[PDB]
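Lettering of chains follows the sequences in order, A, B, ..., and the numbering in each one begins at 1. All ligand and atom numbering here is 1-based and tracks the order in the structure.
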Amino acid sequence: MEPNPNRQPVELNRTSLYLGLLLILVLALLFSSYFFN
Amino acid sequence: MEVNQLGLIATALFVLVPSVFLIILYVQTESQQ
Amino acid sequence: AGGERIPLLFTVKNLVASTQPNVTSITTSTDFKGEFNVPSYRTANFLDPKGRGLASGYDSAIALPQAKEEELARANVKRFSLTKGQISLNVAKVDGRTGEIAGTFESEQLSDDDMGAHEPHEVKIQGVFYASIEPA
Amino acid sequence: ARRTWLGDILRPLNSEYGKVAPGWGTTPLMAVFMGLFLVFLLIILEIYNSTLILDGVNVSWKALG
Amino acid sequence: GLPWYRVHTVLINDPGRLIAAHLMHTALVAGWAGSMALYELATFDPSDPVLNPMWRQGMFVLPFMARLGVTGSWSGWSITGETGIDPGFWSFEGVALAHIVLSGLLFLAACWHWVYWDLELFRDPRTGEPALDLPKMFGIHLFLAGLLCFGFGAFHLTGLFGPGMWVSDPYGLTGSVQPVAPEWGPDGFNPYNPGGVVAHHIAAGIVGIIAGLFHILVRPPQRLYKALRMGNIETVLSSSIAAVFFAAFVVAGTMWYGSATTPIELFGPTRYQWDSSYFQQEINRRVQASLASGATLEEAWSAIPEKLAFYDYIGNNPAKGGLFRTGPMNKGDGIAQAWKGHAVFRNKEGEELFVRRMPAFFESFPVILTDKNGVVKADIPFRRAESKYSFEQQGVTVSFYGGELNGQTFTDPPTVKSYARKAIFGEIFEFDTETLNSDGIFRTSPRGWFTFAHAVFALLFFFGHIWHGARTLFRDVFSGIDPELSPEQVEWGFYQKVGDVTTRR
Amino acid sequence: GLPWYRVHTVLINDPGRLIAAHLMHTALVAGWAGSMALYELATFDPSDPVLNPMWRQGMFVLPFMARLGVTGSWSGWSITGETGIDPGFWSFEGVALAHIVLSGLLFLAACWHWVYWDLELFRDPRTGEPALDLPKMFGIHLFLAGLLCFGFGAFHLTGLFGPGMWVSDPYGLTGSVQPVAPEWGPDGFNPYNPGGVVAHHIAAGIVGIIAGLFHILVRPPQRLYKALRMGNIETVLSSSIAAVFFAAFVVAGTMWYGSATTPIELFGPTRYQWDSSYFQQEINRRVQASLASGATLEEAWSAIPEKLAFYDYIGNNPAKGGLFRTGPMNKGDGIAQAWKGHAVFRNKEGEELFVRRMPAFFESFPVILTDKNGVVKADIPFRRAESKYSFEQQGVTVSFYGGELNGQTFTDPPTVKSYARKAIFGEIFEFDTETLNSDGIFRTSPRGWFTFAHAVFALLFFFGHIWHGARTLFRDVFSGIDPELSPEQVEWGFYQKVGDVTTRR
Amino acid sequence: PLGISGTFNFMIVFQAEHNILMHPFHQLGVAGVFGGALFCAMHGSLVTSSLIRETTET
Amino acid sequence: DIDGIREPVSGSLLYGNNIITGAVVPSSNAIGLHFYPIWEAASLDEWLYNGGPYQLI
Ligand code: CLA
Ligand code: CLA
Ligand code: CLA
Ligand code: CLA
Ligand code: CLA
Ligand code: CLA
Ligand code: CLA
Ligand code: CLA
Ligand SMILES: CC1=C(/C=C/C(C)=C/C=C/C(C)=C/C=C/C=C(C)/C=C/C=C(C)/C=C/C2=C(C)CCCC2(C)C)C(C)(C)CCC1
Ligand SMILES: CC1=C(/C=C/C(C)=C/C=C/C(C)=C/C=C/C=C(C)/C=C/C=C(C)/C=C/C2=C(C)CCCC2(C)C)C(C)(C)CCC1
Ligand SMILES: CCCCCCCCCCCCCCCCCC(=O)O
């Protein structure tokens, strides 16, 4: 049985890394006050 | 202050889990090219 | 239900049980009612899991050297209860030949209080009894 | 592809990919059932809303007796 | 490579790994169910279903097991308070265990389908390409849905072969699992009639069988096949999401308004029962009745079951919570211990006075005592200097009938005010705040939490519907519009009919 | 590629990025010291240098600032108890700020050297290869180390231009920062003579300056250059680790045993002061003197300072802790509030009895009272059935002198028994257990934690020395032995000298 | 017992009732496992030490 | 003391504020529109109580 032809590489460029890390850290900054309550 | 004690673990995982996810994806992108 | 285990010293120690007055014979309507002592479920040498006891053992919580003792006094100070129970014996079968009787019983007593550590429960016990009477 | 016993049994159930009835087919009949179902949801909604009030239908907890 | 937000599209043309993924999802959801129940069993206190029911304890899945007949524990308790029962294997624990075993079995099947993805069943016999005859699959699955739906109603809910479901009186005092017979009349559409739930599943089950049979034998019209791209699995995702968010809005509403399937002994009262004084009406009804037949005040109120009094108290109103006030309601006002009794206030002239009750909108509310006509006769003033109506000036006293303070009267103004500040919440209870280290602030119930999550998820799945619907109908331009789109096609007047090149002028 | 445990070897032939790596490590460390100090200020209670000194509060870096002359905060308190004091910039807060700023400048330096790694300075003019002249660098760095060592002793420690260092009396009552003269005599080598610390730095600094000069001017002989592989930077790593773990064992030693650099007012008592009853002896001397001058028992014991009694208590013995008993000592026995007084026990015959003290080995210890001869006279028995020495049988009383209980006598056996159980710990103190929610179990002091960490670290660094020492001397075969190694070199009898082919037959 | 602390309990009670430490079969067991650990490290170290160069340093 | 009424408002994290509630608090009403640099205060202690940093920032 052949290997699966539907597989694909996945990518995240550096700029998307910086964008996503900013998103997560600012979201944590906003909700943390509410988690500690 | 008398804050909810699980707030710390909530906040730590809230940061760590999705950040690690992004870092995993970025580094394996770089070792491709 | 829920998983709570209730130990008890099921006992008739020092039983004194009496019939109604003017009993010319024991019949299948004869009732005895009496009371017994219920000593502590553990006796004085029993050591608890941290080595504390009444007649032996540590007299304090040695694992917490500088804790305030006042919070622990009820656990540190073992106490020996003695309480009373009540029992009914209802004769429902008599072999007037042999002097054998048989019937049911109900008793009420208290359960283990763990040498004063917690409050006992009320227990009601039911069952059957047999006795043989001999001229003394 | 790999054949299996269960595969061969189920086979005809996944064998008519693409088959259509011609033209509009049962579309008019579907439209009727859609219409009936709209009216029926309307009633159900307006009963819950107390905009449709019906005899012996008391929309309150007191309909548990 | 693929962007991160598209990793799962590798399954679009791979029915076997699509099944593998769906199995893993189903494994995870069932696993959750089993984990959630175990955590709840380990934290649930079954010892008082009157003043510490499951819905005060932050219980979420326990009420859904109870709703359909699972009411006891292997440990010997039942949620109805009966003790020494033997549930058999279908205890809370056994239900939890089955979902975990099911989870493990789904996990293994997922592995098998992921490795052996290339099954001939998934190939179109004419072209050798993977293909799923989605119209016929719909008919098969719909036929199955209808069998299950019908059986659920015909056997489980009736008690014919099954336990029935939770039913209760209108005041949630005596609920239990009973078989329910169908209501075939128009009151079967009454959301508060449990017989309608039975009839629905029977009739709808039969319609589903018939519709299923139709959709297995009758092919889709070509017009419709073309319109809805019935060769594209994503059209099914688009319509499926739409049905899912429809269902989600419905279950949120019936949870919030109440219906036969959201009984208050499993989920708590609704806010509307506070708005309309639903339990307070009933309580007064009984005191009047006790009085008419000559009982004393102490007697009339002592006859009031605590369970009913506890519903007439705003701390159980699901609209008194907050988003980040977490945990069980007990964590806020405490673990209710006893009804203190019904507080009656009187001024120095013997007139009875009535505390104005807090409306759900208000975090805080002033203490205002009115007479039976609604005229203000006492309050607790803010500015003291021009106070007309103070408890001190008006001689207000509080007397208790029934409950733990029955037959007690208080006259010292600070004590009387203290009870008047609680009377705005409805009936007055004694709470244990030490055990949970309760902070004193009202939390919402499971009815509230469930409604919030499901209303929110619904709205979000509407966006999913719009996104995947768009993707289906505009598949051809996903990656961009035609680089040879000619300007005559988008400029006005060239074609009579917009976009149709055969209508040139 | 590279194994995970070798990633950092990319720096071996890259002096610029090595410097960058080292700058970054340096920034991390200064950053830590500033962070650590701020956390300790945010949590330090300065209000009681007697019964709540720093070493009771888990302060770790606070004493190293105190040790060298930083003693005050910008908020106007000092650790010597003096209020209303202007420390200038070099307060605890200013020192922390400085390390944070320094950390940030080193961070930027590291980015610069990382980016501009290819500097011509790091390349050998002869061959154009990256080269570091390590003999010359050593001389340079030794000379600088000597200058700093000398100046630190000549100016900071003497007070010529600088504050001096923590000095105290032999019982840790009156410590403070004072200039210290050098002790040039043989007592300079006495670890308890502070003047030796000064003299050490002056002379050692001078020696370093000369040695550094020799090492800048005189090339190493070919013999040693080959034997020690001085063209290979890993040789420096190997010898450096060795000097490091050597140094780490010494500071662990001097911290455990005590020295002029590890004062008890900053780090707590040593265990050996408990073992020899060092403080108990002195307290007794003072008492025996007062009674000589004709004061009463109350008067003689009331003259003992709280500070001195607090040292005669096993809760401050650093050898009484546990590895996972975490936090400050106040978290164990609580926050010391007052001396209760010296407890004197007597039997019914009026003879005075002495509680035998707990040795540090013992987690728990029986209560045994002996007379002045050490004959057992009273105890708390385990088995009571055949006790002869119970307090009830012997009429044991307790009377207090000094402290909060001065002049009180307790006669009921339960009370006498609780004070006898505390008398095994030494002097009895009133503690606050509520504030920190203390659990009653002894912790160790910063003296113990410092000693543990450095002795562990020293031992591991030994393995680092062996590792990099072997990699230096065996670099040629680090990847494996020579694939064409003849048996004649490794088998017996061929060569007259092992591993020398010239000695064949 | 099937536990970590229960194992130690079993070990301690054993020593008290049998002086297992003074029993030569246990002494042979300690030689067995000490020596087995020794020869384990010895063999590993000796083979590792004489690996033929087949790779580079990276 | 933002409002000059000797009623200090706590604004910083270490004095019991979180991210949402924290603030650098405006300078005292007793100062009005007067310039209040550091060197116009008897001490940093005074400057801090009266809202000095708001003006600087
Ligand atoms: C004798 C036959 C019989 C009987 C007695 C019933 C009885 C019942 N049916 Mg069933 N039914 C039957 C046959 C029968 N059915 C058949 C043959 C079918 C066809 C297969 C169905 C299909 C069916 C459906 C699809 C539904 C019912 C529902 C119900 C219940 C109505 C009460 C209720 O709470 O509605 C409450 C529900 C409504 C009032 C519908 C509201 C519709 C919303 C408002 C539409 C708009 C949503 C929109 C996307 C949101 C927009 C934004 C919004 C936030 C503002 C009741 C148990 C309803 C139900 O399950 O309720 C839980 C329901 O939704 N029935
Ligand atoms: C439908 C889902 C659902 C519902 C309604 C409940 C409801 C409840 N649970 Mg349950 N639970 C669930 C799922 C659910 N649970 C799941 C999936 C888990 C596993 C994690 C649990 C685990 C669990 C435990 C362990 C406990 C509960 C408990 C409770 C009770 C209190 C809940 C609470 O305080 O929430 C408060 C909730 C919040 C404050 C959540 C807010 C959501 C955040 C802010 C959203 C983040 C925003 C996001 C980043 C958006 C930005 C995106 C944008 C940038 C693009 C209540 C009955 C508790 C209880 O009382 O049990 C006895 C309890 O201890 N639950
Ligand atoms: C049954 C529901 C369902 C299913 C099967 C899919 C399936 C798909 N979506 Mg759709 N979608 C849905 C609901 C659904 N969606 C809903 C409700 C929304 C609105 C929120 C969307 C919005 C949406 C967008 C905007 C896009 C898709 C895309 C896709 C495709 C790629 C997804 C992917 O790789 O994600 C990868 C995602 C991750 C790796 C991580 C996401 C993590 C999120 C932020 C939080 C985690 C949630 C948590 C783990 C568990 C869920 C909790 C609760 C829902 C139960 C795939 C066919 C993509 C597409 O079209 O590509 C062609 C795309 O761009 N979806
Ligand atoms: C008049 C001049 C003068 C004076 C008064 C001093 C005074 C002092 N010197 Mg300095 N010294 C001087 C000149 C002077 N020095 C000069 C000119 C040099 C040459 C540059 C040095 C080099 C020097 C060194 C290298 C050391 C001192 C140390 C000391 C202190 C000794 C007291 C002590 O605590 O030792 C305690 C130290 C020891 C007793 C030596 C430890 C030896 C151990 C046993 C080595 C073996 C450890 C081994 C690796 C592992 C252990 C195995 C196992 C137990 C774990 C004291 C402050 C010592 C010090 O600073 O200690 C704090 C020290 O280590 N001196
Ligand atoms: C720039 C100057 C400077 C100054 C004045 C200070 C000052 C201080 N630091 Mg900071 N520090 C600095 C740079 C500086 N630091 C840098 C660059 C770093 C990062 C590496 C740190 C990291 C740091 C930490 C991690 C800590 C301090 C601490 C302290 C305080 C106590 C210092 C102490 O006990 O040293 C004691 C130092 C020694 C005992 C070193 C002795 C040298 C040994 C013996 C090596 C000898 C080998 C030598 C080559 C051979 C010489 C031969 C001889 C013949 C000449 C003090 C306020 C402590 C504190 O309280 O912080 C809050 C603390 O814990 N500092
Ligand atoms: C911190 C002080 C220090 C250090 C690190 C060095 C380092 C060095 N010296 Mg310099 N030197 C110094 C001070 C120092 N020197 C001083 C004060 C003088 C007097 C002016 C000199 C005079 C001098 C000369 C004259 C020469 C050097 C040389 C050298 C180099 C080679 C050393 C060698 O072959 O060691 C060999 C030693 C070893 C390989 C390892 C020894 C390990 C010991 C023995 C272990 C002991 C363990 C034991 C258990 C612990 C003790 C127990 C306790 C009871 C005592 C090296 C760079 C040589 C060189 O190349 O010059 C350029 C050289 O020719 N030095
Ligand atoms: C030289 C190192 C050192 C030392 C001696 C101290 C000492 C102290 N600290 Mg400081 N601390 C340090 C470094 C150090 N700290 C660092 C680097 C940080 C930053 C994280 C801190 C942060 C810090 C805080 C935040 C606090 C302290 C506090 C304290 C005090 C109590 C510590 C305690 O309860 O320990 C508990 C220690 C342990 C439980 C030891 C854990 C070791 C385990 C066994 C891990 C190792 C296992 C390993 C994975 C095995 C794998 C092997 C593998 C190869 C097979 C004490 C005076 C406390 C205090 O009182 O503050 C005022 C406090 O609150 N410290
Ligand atoms: C001054 C100290 C020092 C320095 C500069 C080095 C430098 C180096 N070591 Mg040596 N080493 C040291 C101390 C040191 N070591 C000590 C003390 C030990 C004994 C434990 C060793 C044992 C050792 C071995 C066994 C090996 C090296 C190797 C190496 C090289 C590669 C390191 C690497 O890629 O790690 C990469 C490491 C990681 C990605 C993560 C490691 C995580 C560790 C286990 C825990 C993290 C600790 C944490 C950050 C806090 C540190 C606290 C600190 C105070 C101790 C590099 C030249 C390797 C080599 O020879 O390459 C050819 C190798 O095989 N080292
Ligand atoms: C294999 C096997 C087995 C086993 C199994 C198991 C053991 C299972 C488990 C399972 C489980 C145990 C599972 C669980 C799961 C869980 C989950 C899946 C969860 C989820 C979650 C989430 C998703 C969440 C989310 C969130 C958050 C976090 C926040 C808030 C909001 C929300 C809700 C969104 C058996 C033996 C049976 C059999 C054989 C085989
Ligand atoms: C840039 C800049 C700046 C800034 C800076 C900063 C802000 C920094 C900071 C920094 C810091 C803030 C740092 C920190 C660090 C820390 C550390 C480095 C830590 C460490 C840790 C560790 C390593 C640990 C370990 C361990 C554990 C965890 C457990 C137990 C055991 C042990 C101890 C081992 C400034 C403005 C100034 C200037 C300009 C520029
Ligand atoms: C600010 C009020 C007090 C006066 C400050 C005195 C002047 C600054 C002293 C700073 C002490 C650091 C000197 C030791 C640093 C050694 C030199 C170095 O290695 O970089």
Side-chain angles (χ1 to χ4, degrees), chain D residues 37 40-49 59, chain E residues 146 149 182-208 211 242 245-254 257 259-261 455 458-459 462, chain F residues 134-135 138-139 142 145-146 149 182-208 210-221 223-225 227-228 230 235-236 239-240 242-243 245-254 257 259-262 455 458-459 462 469:
Chain D
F37 193 43
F40 158 62
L41 281 174
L42 257 169
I43 299 169
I44 277 175
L45 170 54
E46 300 190 4
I47 287 164
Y48 216 148
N49 192 240
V59 179
Chain E
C149 177
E183 178 45 63
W184 291 109
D187 199 45
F189 297 96
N190 190 343
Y192 295 93
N193 186 322
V197 171
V198 180
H200 163 83
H201 283 99
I202 293 172
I206 288 183
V207 177
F245 83 70
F246 181 90
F249 274 127
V250 172
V251 294
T254 68
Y257 303 117
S259 76
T261 71
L459 198 78
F462 165 72
Chain F
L134 293 167
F138 179 61
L142 186 49
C149 174
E183 171 65 61
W184 295 105
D187 208 36
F189 300 105
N190 167 6
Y192 297 90
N193 189 314
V197 184
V198 188
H200 159 81
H201 283 100
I202 292 157
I206 299 180
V207 169
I210 293 143
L213 272 157
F214 167 86
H215 275 292
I216 289 159
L217 296 175
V218 179
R219 300 301 301 192
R223 297 305 294 257
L224 296 184
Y225 186 99
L228 286 180
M230 293 179 192
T235 223
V236 185
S239 36
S240 287
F245 82 68
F246 180 94
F249 275 126
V250 177
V251 295
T254 62
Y257 300 129
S259 78
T261 76
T262 59
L459 196 48
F462 166 73

Stepwise side chain to side chain contact (heavy atoms under 4.5 Å, CB included) test for E:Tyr257 and D:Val59: CA-CA 11 Å; E:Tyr257 303 117; D:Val59 179; over 6 Å; no
Identify the two heavy atoms, one from E:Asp187 and one from E:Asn193, that lie closest to each other, and give their separation to 0.1 Å.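 The pair with the smallest heavy-atom distance is OD2-ND2, 2.7 Å.
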With sequence neighbours excluded, what pairs up with [X] under the ring-ring contact (aromatic ring centres under 6.0 Å, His included) test?
| X | result |
| --- | --- |
| E:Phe189 | D:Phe40 |
| F:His215 | F:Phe138 |
| F:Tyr225 | none |

Check for me whether F:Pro221 has a heavy atom closer than 4.0 Å to any atom of ligand 6.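 It does, in that a heavy atom of F:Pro221 comes within the 4.0 Å cut-off of ligand 6.
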Output yes when the distance from some N or O of ligand 6 to some N or O of F:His215 is under 3.5 Å, and no in every other case.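 Yes, there is a polar N/O contact under 3.5 Å.
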With heavy-atom distances below 4.0 Å as the criterion, list the atoms of ligand 6 near F:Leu228.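 In order of numbering, the contacting atoms are 33 (C), 34 (O), 39 (C).
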Pull out every atom of ligand 6 sitting under 4.0 Å from any heavy atom of F:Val218, numbered as shown with elements.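 Checking each atom against F:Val218, I get 62 (C).
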Counting only heavy atoms not in F:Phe249 (residues, nucleotides, ligands), do more than 12 fall under 6.0 Å from its CZ?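 Yes, because the 6.0 Å sphere around CZ of F:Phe249 holds more than 12 heavy atoms from other groups.
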Side chain, backbone, both or neither: which part of F:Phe214 has a heavy atom under 4.0 Å from ligand 6?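 Contact part for F:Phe214 vs ligand 6: side chain (C-beta onward).
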Only one of F:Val218, F:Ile216, F:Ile210 passes side chain to side chain contact (heavy atoms under 4.5 Å, CB included) with F:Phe214; say which it is.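 One option only clears the test, and that one is F:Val218.
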Atom pairs, nitrogen or oxygen, ligand 1 to protein, under 3.5 angstrom:
from     : atom 1 : to       : atom 2 : distance (Å)
ligand 1 : 9 (N)  : E:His200 : ND1    : 3.3
ligand 1 : 11 (N) : E:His200 : ND1    : 3.2
ligand 1 : 15 (N) : E:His200 : ND1    : 3.4
ligand 1 : 65 (N) : E:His200 : ND1    : 3.1

With side chains defined as the heavy atoms from C-beta onward, is the minimum distance between E:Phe245 and E:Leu459 less than 4.5 Å?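 In short, these two side chains do not touch, never coming nearer than 4.5 Å.
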